[PDB]
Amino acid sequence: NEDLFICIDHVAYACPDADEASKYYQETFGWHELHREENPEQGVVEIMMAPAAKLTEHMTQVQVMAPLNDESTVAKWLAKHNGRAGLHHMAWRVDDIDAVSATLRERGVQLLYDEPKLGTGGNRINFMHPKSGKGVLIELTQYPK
């Protein structure tokens, strides 16, 4: 036994317009926008929001995701969900995605990628099958280095 997770890294929220949601989060909730990224290839725009201007070690953030094209994964997810914004998935932070992927694998855990893939920042990520998540899609994510 041992802890394979530091904390929930972020909760991904999918919506048709990331800008609109971020401005709502800021204007209405007073949340803080910490980072914005656009990935033409994935056809996804992502924005990181937090309840404070400065993150604390285990502070979980909210990730706003919106499509850049109707071919993107996010667009088809939104289509299959009343085209309405909704919680998309949970990402849990790991100190060593390889090491932890070994442990998870050893415990019969099924991942999505054979190998971790690069994501936001230099993050090395991977997921879990929506079934392996009892209905919920769960992402594994390790900060760079």
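Heads up: residue numbers just count along the shown sequence, starting at 1.
Undergrad: Compare the mean C-alpha B-factor of 26-34 with that of 77-85 as given in the PDB entry, and name the stretch with the higher value.
TA: Looking at the record's C-alpha B-factors, the answer is 77-85.
Undergrad: Which is higher on average in the deposited entry, the C-alpha temperature factors of 47-55 or of 104-112?
TA: Going by the record's values, the stretch with the higher mean is 104-112.
Undergrad: Just to confirm, going by the entry's C-alpha B-factors, which of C15, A12, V136, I125 comes out highest?
TA: The record points to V136.
Undergrad: Where does the C-alpha B-factor of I8 rank in its chain, lowest, middle or highest third?
TA: CA B-factor rank for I8: lowest third.
Undergrad: Would you mind ranking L118 by its C-alpha B-factor against the rest of the chain and naming the third, lowest, middle or highest?
TA: Its C-alpha B-factor belongs to the middle third of this chain's values.
Undergrad: Rank-wise, by C-alpha B-factor, drop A91 into the lowest, middle or highest third of its chain.
TA: For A91, whose C-alpha B-factor we compare with every modelled residue in the chain, the answer is the lowest third.
Undergrad: Would you mind ranking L68 by its C-alpha B-factor against the rest of the chain and naming the third, lowest, middle or highest?
TA: For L68, the deposited C-alpha B-factor lands in the middle third.
Undergrad: Which third, lowest, middle or highest, does the C-alpha temperature factor of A99 belong to within its own chain?
TA: Tercile = highest for this residue's CA B-factor.
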